[PDB]
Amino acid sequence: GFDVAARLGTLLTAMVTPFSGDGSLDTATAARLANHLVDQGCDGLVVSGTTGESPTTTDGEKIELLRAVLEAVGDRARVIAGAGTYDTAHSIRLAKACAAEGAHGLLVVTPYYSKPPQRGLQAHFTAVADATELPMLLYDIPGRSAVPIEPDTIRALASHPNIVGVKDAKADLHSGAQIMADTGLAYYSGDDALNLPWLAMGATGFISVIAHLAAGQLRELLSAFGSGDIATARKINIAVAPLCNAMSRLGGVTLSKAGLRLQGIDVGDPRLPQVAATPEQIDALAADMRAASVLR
């Protein structure tokens, strides 16, 4: 019908934006990363989201990235472009620009920082949803944006034809479960810590940060859960848990770029105010990656 799993994917990486030594956009590496992540078992990628350092890249860079990633993997994976900011006008421009590039879908985070009221969020999300014909995910992350999309807002927004699901970092699994049951909105785990809980509650899949490093295992986790092998699912979730722990220490940006580098896929360093892992951080990260069998 709208087949969210087919149209958006089941395992997506909230993909980093590789930068060169010169700190500029590195689209060739983005292509290589995108290919690698899909080969490792991702069937979708979110480009220019939070972990893609959307705050510090320009509109132009976001479009160049999306173009490169679509060229690299667009015929065999779903490419979802991060398109929202705390500026409704800007989000609509970016959304239209992403659609014009051929993005397969949009991920639109709750306007952050400015704490609009729920009716402002709701007018914001529908305006963005009205801007293109692309399927759109809400990204509910009050821990970064400083306001939740309240359940009544999510429910009101669900009736928008273009708004098809929720990337959740709010962790209200009880509320999201009901929302799903009532509205048919698809949910993606937006927090690797809750990947397995979310699947139990009927999430469609993951939009994952630790997928940068452990996509193969996450794919296996999805396959095991999917075939009702919960014991295995649980065991894989435990196996990757050190990466999620490392993520708590470093955040996704620092972790993803340092961890990829450790795996021999240099994707450069974060842009200020984000920072590259320190020596000791790289150390501790390497031990977790070893523990999760994603580094020798």
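Sequential numbering from 1, following the sequence displayed.
In the PDB entry, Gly120 places in the lowest third of its chain by CA B-factor. In the PDB entry, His36 places in the lowest third of its chain by CA B-factor. Sorting the modelled residues of the chain by their CA temperature factor places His90 in the highest third. In the PDB entry, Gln217 places in the middle third of its chain by CA B-factor. In the deposited entry, the Cα temperature factor of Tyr113 sits in the bottom third of values across the chain's modelled residues.
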